[PDB]
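Student: Sharing a structure below in structure tokens format, with a few things to ask.
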Amino acid sequence: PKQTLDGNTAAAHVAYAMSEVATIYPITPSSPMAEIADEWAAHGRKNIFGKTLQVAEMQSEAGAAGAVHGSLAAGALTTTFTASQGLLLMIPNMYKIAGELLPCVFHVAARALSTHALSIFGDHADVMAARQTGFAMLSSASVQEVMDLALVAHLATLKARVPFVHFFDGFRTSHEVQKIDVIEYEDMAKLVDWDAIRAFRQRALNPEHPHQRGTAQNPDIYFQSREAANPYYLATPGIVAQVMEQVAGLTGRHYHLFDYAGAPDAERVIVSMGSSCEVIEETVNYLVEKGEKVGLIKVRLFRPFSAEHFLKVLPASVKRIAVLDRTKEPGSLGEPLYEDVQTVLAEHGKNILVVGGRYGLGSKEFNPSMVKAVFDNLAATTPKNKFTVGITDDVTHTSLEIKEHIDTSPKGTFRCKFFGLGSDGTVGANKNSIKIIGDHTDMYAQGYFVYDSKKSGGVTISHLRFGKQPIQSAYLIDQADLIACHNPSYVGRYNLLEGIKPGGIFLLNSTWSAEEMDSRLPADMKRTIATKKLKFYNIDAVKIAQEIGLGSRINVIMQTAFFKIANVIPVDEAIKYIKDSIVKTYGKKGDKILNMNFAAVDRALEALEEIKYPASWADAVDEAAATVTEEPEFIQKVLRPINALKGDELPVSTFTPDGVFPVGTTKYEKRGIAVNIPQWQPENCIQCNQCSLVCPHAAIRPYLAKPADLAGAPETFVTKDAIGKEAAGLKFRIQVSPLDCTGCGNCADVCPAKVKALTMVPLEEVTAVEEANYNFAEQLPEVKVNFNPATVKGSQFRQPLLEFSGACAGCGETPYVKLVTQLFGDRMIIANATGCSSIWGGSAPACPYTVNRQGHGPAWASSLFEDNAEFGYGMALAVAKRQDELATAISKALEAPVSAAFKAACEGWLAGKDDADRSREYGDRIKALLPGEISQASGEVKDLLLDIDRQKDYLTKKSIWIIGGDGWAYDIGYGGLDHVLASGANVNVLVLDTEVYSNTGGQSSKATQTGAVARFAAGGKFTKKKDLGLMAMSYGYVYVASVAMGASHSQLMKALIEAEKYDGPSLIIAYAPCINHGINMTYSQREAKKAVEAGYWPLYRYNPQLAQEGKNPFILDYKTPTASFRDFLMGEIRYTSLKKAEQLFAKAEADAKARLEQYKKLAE
Amino acid sequence: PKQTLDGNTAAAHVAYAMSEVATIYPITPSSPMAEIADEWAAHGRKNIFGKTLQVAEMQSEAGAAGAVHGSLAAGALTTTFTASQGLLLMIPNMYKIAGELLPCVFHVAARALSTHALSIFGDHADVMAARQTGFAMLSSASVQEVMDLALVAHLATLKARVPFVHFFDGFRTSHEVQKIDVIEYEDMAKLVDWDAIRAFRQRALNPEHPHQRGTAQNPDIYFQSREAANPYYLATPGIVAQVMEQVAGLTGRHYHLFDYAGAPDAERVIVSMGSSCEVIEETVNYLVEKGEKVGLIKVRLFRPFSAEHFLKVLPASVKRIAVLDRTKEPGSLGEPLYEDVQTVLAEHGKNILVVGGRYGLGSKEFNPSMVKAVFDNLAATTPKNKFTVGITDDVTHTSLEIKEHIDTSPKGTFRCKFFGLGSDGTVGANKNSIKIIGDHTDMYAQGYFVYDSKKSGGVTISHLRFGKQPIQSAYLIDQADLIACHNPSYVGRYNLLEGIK
Amino acid sequence: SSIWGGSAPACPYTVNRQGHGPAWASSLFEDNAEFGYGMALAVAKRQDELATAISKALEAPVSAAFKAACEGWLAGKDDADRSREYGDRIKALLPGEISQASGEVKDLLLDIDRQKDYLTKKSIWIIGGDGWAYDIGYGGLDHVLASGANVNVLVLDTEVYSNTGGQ
Ligand SMILES: Cc1ncc(C[n+]2c([C@@](C)(O)C(=O)O)sc(CCOP(=O)(O)OP(=O)(O)O)c2C)c(N)n1
Ligand SMILES: Cc1ncc(C[n+]2csc(CCOP(=O)(O)OP(=O)(O)O)c2C)c(N)n1
Ligand code: SF4
Ligand code: SF4
Ligand code: SF4
Ligand SMILES: [Mg+2]
Ligand SMILES: [Mg+2]
């Protein structure tokens, strides 16, 4: 049958049918494969064995790989899905699985490896890192090929006994939606070699016919034993070839080990692999028809590399070959595929000039214009070798010049771009539009979706294609017949109408009339509309949704507007298909919700009005650009073009060679995405600063100023007298940053005044006023104040060093990290695990960590997902070594003829170098005496002072903070965290416990509670939550504390300060509410208060220092809960969606009572 | 000075001098490096920074690799020692360390990977599994070369900012005892680019001049950012070449990225790497004196592979080349070194018949009789390609036939075999005899020891050599001048007098 | 435990008088807990295929003594003693039951006989040293314990890395 799927679903479809067990672990962009396999098993989909697939989630891909190995050796057909860093961790087991000749298929959504930077996007770096393990390797070039070649892999591995890696390009194919022919399970079972399966069962570990495998071997037999598998690898090419003929007879689609396309007498041929083959064949069709003698060899079976099957499809007329590798091996002579082609042609004496290049790293665009550039390089007198395509390499001059732009799209193919807002329904509607068109017409349909790094308020760009011919355009849309803008704020911000065809359609969602078009639309946009004679349509979708009662949801409205003008299908047919999908989507919502969406369709058709623009729009002239402010060179050359969606134009000379970025760059973004912003009521404010404490974006802060410093304040900068003996004679004001606020509403909810001192007002109404207000508050001079930093009020007067990050509105993680920077950020180094905290904390080119007025601030680094604890441990060793080198130079200065005041500060530092306050005090004293002491010295004594000055950045004692999520701490990095805590080093571990893998969409974890439903746990998690805090207490010398900011501000303050001062390992497990819980983020602080009050989350502190004082180390800070446990679960969707459901809710309540009663015994 | 050491001690000697931190985790046969580095720190040996090396043991080599990254990024020169399954667990962090251009040297006693079976013995499977991480790769063929090239790696990585894997063959060199010239720490400090060290400190993570590293990047900038390190890899070959000249002027021993030995008009040449280069050169000396036009190219800097330095030492008279790889990549068209040689010669239009083979997997014996078989295959009318040497492959017919047995040991070299019992003192005594002879004579001394898998009561066979010429015989004793049997039970049980002259 | 337990060419694990005995496998140093976990999942999968073929035999024209042992095994397939008792009854009645059957009934009995090596409930044993359990494999050992699977982990604590020399 025909369905609209992506590569992931296409792969999981075949993997599910052919497997009994699937051990999985989430990693983008492979996790959708494991998610859908869990849902199918949850609803009882049967594989070819008549049973449901058993899905088991491990603690890491290393654990997943071992489970695959054991399951295979014991007699169960087992598969798994992974990519990128996950595939690296499976490499050790891959040698074993291949070495033991076990049938197996790994499905890989090929993704780049973390080098100078992390990239979740697609290339072959991961697959190439395992090409020597002995696995076979099969490449799929399209979503249709994923369906077919996944079947080829599963059938071939049973026959050959050689395990397979079936890989397809991450995102470019794994997330591309296409209408394909789906192969029925019943047809798969008719092709399976059942004799091969039964032989596999007989080789299983079984005590009734036992055997020994995996022995240790001496040099006398190891080499021979390793070569004994030679026949199995020699027979694999023919086995795969015969399987491809089986699939060919069933589907009609013919695959070979290497496939050729292009002129039979071609002289220039490109050898490539993966989705690039689709782009190359489309270009080859275009060039061959124009008379060029070019061709393409698609590599399907990369390993084992069959020389016979490669030469079989190479035309005898080939004189020059360009090999394209989607990877980079630095310092290597050439990339993998290039060296293979060069080798095989040498082994057979072919006089063919071979040239290799690199493309598409990290989902870099690879379009037909680049393909011609590769072909033109083969047509040159001396073809450039070791080249790159798709970048401008102005440093080493490896890039090919893209001279001209060609349009190789098949005639009759419709192309549309949709600019949407984060979670406004645009992407979901386009997926439904593809499903509508694919199911009811003969046209092929394709969809690809570009997402934003910002988690809330980001830009989404949808790329859709429909045509009478199969769609091989695995690249972004170049010339669009229709461009739709579902957010009017994008007008004048992004190049929306880029590349639109003459006479194309421009659909806009805005409240602007035809006359307001002259003043609202920019001149460059008006020129394109007029010169290209576009059909410009406008619709006020927001007005329609308000009047009907759908709020601001415009997804149904904008989809109706598309079909009305696109002329892809009859307008009357589309309306039926839209309303039919509404019944499928809103049928269970009720009669009221159903008819509202029906009215949305009807009202949208009548409201879509074509804008009749004057022809004089073609001559419009840009308006004079204002005098731009002097911004740093990085902001001007890097951050602005990247946020302007022009980062691909930046040449190689723009970037550092090691991925090092400046700090404090998010303050230049000023996204202004808030719908409402807090307005401060000075008369109701008690000056408690709790609003600044809970802000997940540091958008609201308190400001103090002497009355003289309030001179040039705007009239709206109303201040109040400062409360407290510390701030006597000063003015106070709570000021919000309107362009950086997210409109989450946490600060208004936490305000404890009798009358609310914060009220949510629309941004547009007060944006002009509050911007000048914030610009004045930010320019206020520093005020020396003696407020105790150990209190909530006093700590918020210190500058936040984490601001304006990309976390969601109301995130429960950033308030914890923001508070740490306010206490110790002056002297801390952060080792941050991969996860949400690394995405909002370190997504290029914007850095949310900033500096104070002295230029000091946290240094931030992210290594890997699994190594963060050991990463920070290594930092502690190095910092200790750097202080030791400084202490030696200071002790040498004591014997030098230096000033008596210099010797006093040196001795004071040497005695207190391991104390935070004393080392800063005497450290700053030495800094003040350094310039004068150097001037008064000469010769070797001056050199000794210059060495101290070179190391003055290590006088102040540092504070190592190891930050990461619960998935890192409870699963993949738990072994390393256990080791670093047990070592006794002076490190501080902060676990942001969201009880799921939050960044990757919300998958199951050991931090997930009993009965909670998450991805990979569709039926709910049976086993209870692992108690990480209890295991760290078992050492006795590890400080462990469980905190929750929403529950108790004072309890969080005490545990953080006690943990940092403790000269040893400290573990802070913080409850972080998240969007994956299925709750209203406006009341994110309130949800954490209900969690502790209902006995769901405990609050305790284990202080090893109390044991040395003869006291009880365990202190239970909240003993008696006052709220109902069952009522808290019903306030989050992650528990209500389960409603077998009642049995799990009862087990969760029994575990919460036993956990509280166990803490009462440890406290008594 | 001259001391009797093994490859492990020779490497740890240099690693200790040039490093401040060493995060370690045990794995045969690399753990002796971390053991002896731990003992030196306990007795207060000073490095070139005047302090003792800080040794930290982790929960695994993956934890060790992560600790290296953190220590380097925080401003301390850090090293580690690993092999085989341990190096695999370090592969993820190697991408980060190489990607961030951090100076570093991993010392690896190259050991086979666990496939159909575990093997603690030596081959290049582990090092080849990381050849795409972006680390440089430097191969030493003897105990003396371990001393010298470990210094080359530590000096080169500071200058190039490209991290190095300095690897030597497990057991065959890591546990081979030889009398070598030991390089003084004071002489090492006279060659260090101290400007490079201070610059490395300035890039460290520090809150007083903060920065962000290890970001996540979208498709708009990732490709460009990955190619921005191209100058650093292009400059690494010349940096290594110049560093080798620094060591050359100090020690008198001349290393190059690729070294040539054999007839200047040779027509058959073997390209190889590791301890096989010693065995091949010894055989080449024997064949060249017999009139055969044969030669040998030793690969020192495997990555980055400099085509210019490789073609520089390849005689124009070469017609046929046999490449020997000490690894197996099942299903691959050819093994790594074979594909590099095949590629570079194709890129330069050389009409040279190239043939690749596999040898010495899991410390399989590789002796001169096998080397001649490789040369004889190049002399055949149709040379067999994709071959094996040292085994009898009667299934797929890849093995070369060992036609005749030759003795290529330099004349005047004494050779002794000692058959001992487990822990009866024989091995320790032979080691002491080597130290006695090495410290008090002008003779070179070599010791290699075959152990048993049984922990108590096993058979041990010691192979010792002494001669007036340097001992390149990285293979078991073929013709012994003396054979000693320290256990009468072996009489009638084992072929003790096998091969005695 | 893998060197004295599985160094080629000698295997110390042997079989009993009936030819049954422990099947031995070693994967890697770090993955042993998850290794045995995967085996437990597979054996459970292999028992389900046999149990389904036995339930089909209840509805087939076979002898009453054959059906009596099948119902007894299906009720006690997860008990060590009961599954062996009724399992051996099935094995003893199989050759005669196959002789008295034909067609699809004979094929259904031949499928029971093909899987009779899964009648007796298996005992998965995860054996390793203190280095595996306390260090490199602790994360995997922690996970398999949390899963609740019916596995038996035996940690031979020598308080050192005995094989590699005593680290
Ligand atoms: C070894 C390994 N395995 C899996 C991953 C994928 N991966 C992540 C990314 C950022 O790399 C990604 O989304 O691509 S983030 C992530 C889970 C994060 O879970 P945590 O609970 O630790 O942090 P939070 O995101 O705050 O919930 C995973 C599994 C990874 N990066 N490395
Ligand atoms: C991944 C990996 N790292 C290191 C090694 C080397 N190695 C083999 S056994 C062993 C330690 C065994 O210690 P233990 O778990 O206590 O078992 P024991 O020998 O003491 O019985 C090590 C480090 C290895 N084989 N694999
Ligand atoms: S509404 Fe949310 S983002 Fe805006 S200032 Fe308040 S807490 Fe911060
Ligand atoms: S929470 Fe309310 S009372 Fe407290 S400082 Fe903020 S606005 Fe003022
Ligand atoms: S933790 Fe949850 S709320 Fe915070 S950024 Fe991640 S997904 Fe968004
Ligand atoms: Mg989490
Ligand atoms: Mg032990």
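Identifiers for the structure tokens are assigned positionally: chains receive A, B, ... in sequence, residues are indexed from 1 per chain, and ligands are indexed from 1 in the order shown.
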What are the residues of chain C that have an atom within 6 Å of an atom of chain A, counting only C-alpha atoms, as a list in words?

Tutor: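 Filtering chain C at 6 Å from chain A with only C-alpha atoms gives residues 6, 7, 8, 20, 21, 22, 23, 24, 25, 26, 31, 34, 35, 36, 38, 39, 42, 117, 138 and 139 of chain C.
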
Student: Residues of range 126-311 of chain B in strand (DSSP E) according to DSSP, as number ranges by chain?

Tutor: B: 136-140, 164-169, 177-181, 212-213, 258-262, 268-273, 294-299, 301-303

Student: Next, the residues of the selection above should be written as a PDB file, in the first residue's frame with C-alpha atoms.

Tutor:
ATOM      1  CA  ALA B 136      48.493  11.899  14.598  1.00  0.00           C
ATOM      2  CA  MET B 137      49.965   8.397  14.614  1.00  0.00           C
ATOM      3  CA  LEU B 138      53.661   7.640  15.083  1.00  0.00           C
ATOM      4  CA  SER B 139      55.039   4.099  15.002  1.00  0.00           C
ATOM      5  CA  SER B 140      58.245   2.944  16.681  1.00  0.00           C
ATOM      6  CA  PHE B 164      49.515  12.086  18.842  1.00  0.00           C
ATOM      7  CA  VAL B 165      49.127   8.359  19.281  1.00  0.00           C
ATOM      8  CA  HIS B 166      52.609   6.942  19.821  1.00  0.00           C
ATOM      9  CA  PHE B 167      52.184   3.190  19.448  1.00  0.00           C
ATOM     10  CA  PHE B 168      54.522   0.208  19.512  1.00  0.00           C
ATOM     11  CA  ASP B 169      53.814  -3.480  18.997  1.00  0.00           C
ATOM     12  CA  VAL B 177      64.161  -5.992  26.846  1.00  0.00           C
ATOM     13  CA  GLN B 178      67.008  -4.239  25.025  1.00  0.00           C
ATOM     14  CA  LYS B 179      70.077  -2.209  25.894  1.00  0.00           C
ATOM     15  CA  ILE B 180      69.343   1.295  24.574  1.00  0.00           C
ATOM     16  CA  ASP B 181      70.607   4.846  24.867  1.00  0.00           C
ATOM     17  CA  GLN B 212      33.033  28.425  25.766  1.00  0.00           C
ATOM     18  CA  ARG B 213      34.134  25.247  24.005  1.00  0.00           C
ATOM     19  CA  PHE B 258      59.175   7.451   5.975  1.00  0.00           C
ATOM     20  CA  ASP B 259      62.582   5.740   6.073  1.00  0.00           C
ATOM     21  CA  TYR B 260      64.135   3.639   3.319  1.00  0.00           C
ATOM     22  CA  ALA B 261      66.556   0.731   3.630  1.00  0.00           C
ATOM     23  CA  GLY B 262      67.878  -1.592   0.953  1.00  0.00           C
ATOM     24  CA  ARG B 268      60.881  -5.148  -5.027  1.00  0.00           C
ATOM     25  CA  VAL B 269      60.056  -3.131  -1.900  1.00  0.00           C
ATOM     26  CA  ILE B 270      58.054  -3.924   1.242  1.00  0.00           C
ATOM     27  CA  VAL B 271      56.149  -1.118   2.979  1.00  0.00           C
ATOM     28  CA  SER B 272      55.531  -1.855   6.651  1.00  0.00           C
ATOM     29  CA  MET B 273      55.102  -0.377  10.118  1.00  0.00           C
ATOM     30  CA  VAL B 294      65.123  -5.480  -2.645  1.00  0.00           C
ATOM     31  CA  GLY B 295      64.328  -2.644  -0.274  1.00  0.00           C
ATOM     32  CA  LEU B 296      62.103  -1.600   2.604  1.00  0.00           C
ATOM     33  CA  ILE B 297      60.071   1.505   3.438  1.00  0.00           C
ATOM     34  CA  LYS B 298      59.398   1.965   7.153  1.00  0.00           C
ATOM     35  CA  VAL B 299      56.286   3.993   7.970  1.00  0.00           C
ATOM     36  CA  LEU B 301      54.229   8.951  10.744  1.00  0.00           C
ATOM     37  CA  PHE B 302      51.151   7.022   9.632  1.00  0.00           C
ATOM     38  CA  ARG B 303      48.804   9.967  10.204  1.00  0.00           C
TER      39      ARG B 303
END

Student: Ligand 1: which residues are within 8 Å, counting only C-alpha atoms and all ligand atoms? Reply as a PyMOL selection string.

Tutor: chain A and resi 25-29+60-61+84-86+88-89+118-120+813+833-839+864-866+964-969+972+992-1000+1002+1005

Student: Since we have the selection now, will you write its residues out, keeping C-alpha atoms, as a compact mmCIF listing (two decimals), in the first residue's frame?

Tutor:
# COMPACT_ATOMS: atom_id res chain seq x y z
CA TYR A 25 18.69 3.82 23.73
CA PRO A 26 17.63 7.27 22.49
CA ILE A 27 19.81 9.48 20.32
CA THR A 28 18.80 12.06 17.71
CA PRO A 29 17.99 11.48 14.87
CA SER A 60 23.60 3.36 27.31
CA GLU A 61 24.31 2.20 23.78
CA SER A 84 26.58 9.15 15.95
CA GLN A 85 27.98 9.00 19.52
CA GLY A 86 25.73 6.01 20.15
CA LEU A 88 30.78 4.70 18.74
CA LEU A 89 29.85 3.08 22.07
CA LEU A 118 28.48 18.67 18.57
CA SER A 119 26.20 18.23 15.59
CA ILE A 120 22.93 16.29 15.68
CA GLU A 813 16.39 23.84 35.06
CA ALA A 833 26.86 17.02 30.18
CA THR A 834 25.15 16.67 26.84
CA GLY A 835 21.44 17.33 27.21
CA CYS A 836 19.04 20.22 27.55
CA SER A 837 21.50 22.12 29.75
CA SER A 838 24.06 21.85 26.94
CA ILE A 839 21.55 22.94 24.27
CA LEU A 864 30.30 14.02 25.77
CA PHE A 865 27.07 12.63 27.20
CA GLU A 866 28.67 9.73 29.09
CA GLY A 964 24.02 17.47 33.78
CA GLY A 965 20.59 15.91 33.50
CA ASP A 966 19.09 12.92 35.26
CA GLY A 967 19.55 10.72 32.19
CA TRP A 968 23.28 11.33 32.42
CA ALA A 969 23.48 10.91 36.19
CA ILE A 972 24.80 6.56 30.88
CA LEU A 992 18.82 18.59 36.99
CA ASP A 993 16.28 15.77 37.44
CA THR A 994 13.44 16.04 34.91
CA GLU A 995 12.66 12.28 35.23
CA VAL A 996 12.97 11.88 31.42
CA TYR A 997 15.42 12.49 28.58
CA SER A 998 14.02 15.97 28.07
CA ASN A 999 16.06 17.25 25.11
CA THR A 1000 15.38 14.22 22.90
CA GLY A 1002 10.92 12.94 26.78
CA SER A 1005 14.89 7.02 32.39

Student: Could you give me, as number ranges by chain, every polymer residue with an atom at most 6 Å away from an atom of ligand 2, counting only C-alpha atoms and all ligand atoms?

Tutor: B: 26-28, 85-86; C: 1, 29-30, 129-132, 158, 160-164

Student: So how many Å separate CA of residue 107 in chain C and CA of residue 188 in chain A, to one decimal?

Tutor: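 Value for the CA of residue 107 in chain C-CA of residue 188 in chain A distance: 22.8 Å.
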
Student: So that I can see what lies close to residue 7 in chain B, please list as a count of residues only the residues with an atom at most 7 Å from it, counting only C-alpha atoms and leaving out residues fewer than 3 positions away in the same chain.

Tutor: 8

Student: Among the residues of range 6-111 of chain B, find those DSSP assigns to helix (DSSP H, G or I) from the backbone and print them as a ChimeraX atom specification.

Tutor: /B:7-18,31-42,61-74,84-99

Student: Would you mind telling me which residue in C:16, C:83, C:115, C:167 lies nearest to chain B when using only C-alpha atoms?

Tutor: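 Looking at the shortest contact to chain B, the residue is C:167.
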
Student: Pick out the residues no farther than 7 Å from ligand 4, counting only C-alpha atoms and all ligand atoms, and list them as a PyMOL selection string.

Tutor: chain A and resi 680+684-692+734+747+750-753+756-758

Student: Can you list, as a PyMOL selection string, every protein, DNA or RNA residue that comes within 10 Å of range 345-355 of chain B when you count only C-alpha atoms, leaving out same-chain residues fewer than 5 positions away?

Tutor: (chain A and resi 342-343+345-347+349+351-355+385) or (chain B and resi 267-270+307+310-311+316-324+334+338-340+374+377-378+383-387)

Student: What's around residue 806 in chain A at 8 Å? Count only C-alpha atoms, leave out sequence neighbours fewer than 6 positions away in its own chain, and write the answer as a list in words.

Tutor: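 What passes the distance filter is residues 453, 454, 455, 456, 839, 840 and 841 of chain A.
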
Student: Can you tell me which residues sit at most 9 Å away from ligand 3, counting only C-alpha atoms and all ligand atoms, written as a PyMOL selection string?

Tutor: chain A and resi 674+676-678+691-701+735-738+740-749+758+760+804+809-810+1082

Student: Tell me which protein, DNA and RNA residues are within 10 Å of range 1029-1031 of chain A, counting only C-alpha atoms, leaving out same-chain ones fewer than 3 positions away, and put them as a ChimeraX atom specification.

Tutor: /A:978,1026,1034-1036,1038-1042,1067-1069,1100-1102,1159

Student: Contacts from chain B to chain C, 10 Å maximum, only C-alpha atoms: show me the residue list as number ranges by chain.

Tutor: B: 25-29, 31-32, 35, 57-63, 85-86, 89, 114-119, 453-455

Student: Could you dump the residues just selected with C-alpha atoms as a PDB file, in the first residue's frame?

Tutor:
ATOM      1  CA  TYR B  25      43.442   2.301  33.726  1.00  0.00           C
ATOM      2  CA  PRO B  26      45.049  -1.142  33.436  1.00  0.00           C
ATOM      3  CA  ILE B  27      45.053  -3.233  30.282  1.00  0.00           C
ATOM      4  CA  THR B  28      47.648  -5.707  29.060  1.00  0.00           C
ATOM      5  CA  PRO B  29      50.167  -5.061  27.686  1.00  0.00           C
ATOM      6  CA  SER B  31      49.602  -1.464  32.174  1.00  0.00           C
ATOM      7  CA  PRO B  32      53.372  -1.825  32.924  1.00  0.00           C
ATOM      8  CA  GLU B  35      52.634   0.732  36.960  1.00  0.00           C
ATOM      9  CA  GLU B  57      43.115   5.713  38.126  1.00  0.00           C
ATOM     10  CA  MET B  58      39.594   5.846  36.693  1.00  0.00           C
ATOM     11  CA  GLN B  59      36.757   3.321  36.467  1.00  0.00           C
ATOM     12  CA  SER B  60      37.568   2.547  32.810  1.00  0.00           C
ATOM     13  CA  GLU B  61      39.603   3.815  29.888  1.00  0.00           C
ATOM     14  CA  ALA B  62      36.523   5.775  28.826  1.00  0.00           C
ATOM     15  CA  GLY B  63      36.687   7.553  32.170  1.00  0.00           C
ATOM     16  CA  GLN B  85      39.601  -2.630  24.036  1.00  0.00           C
ATOM     17  CA  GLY B  86      40.841   0.266  26.152  1.00  0.00           C
ATOM     18  CA  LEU B  89      36.545   3.232  24.773  1.00  0.00           C
ATOM     19  CA  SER B 114      38.382  -9.116  20.745  1.00  0.00           C
ATOM     20  CA  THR B 115      36.555 -10.619  17.761  1.00  0.00           C
ATOM     21  CA  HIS B 116      35.892 -14.348  17.549  1.00  0.00           C
ATOM     22  CA  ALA B 117      38.142 -14.547  20.616  1.00  0.00           C
ATOM     23  CA  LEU B 118      40.041 -12.403  23.080  1.00  0.00           C
ATOM     24  CA  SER B 119      43.742 -11.871  22.502  1.00  0.00           C
ATOM     25  CA  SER B 453      48.342 -18.884  30.026  1.00  0.00           C
ATOM     26  CA  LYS B 454      48.318 -21.072  33.148  1.00  0.00           C
ATOM     27  CA  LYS B 455      48.976 -18.911  36.200  1.00  0.00           C
TER      28      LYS B 455
END

Student: Excluding same-chain residues fewer than 2 positions from range 89-91 of chain C, what lies within 12 Å of it counting only C-alpha atoms, as a ChimeraX atom specification?

Tutor: /C:54,57,63-74,82-87,93-98,109-110,112-120
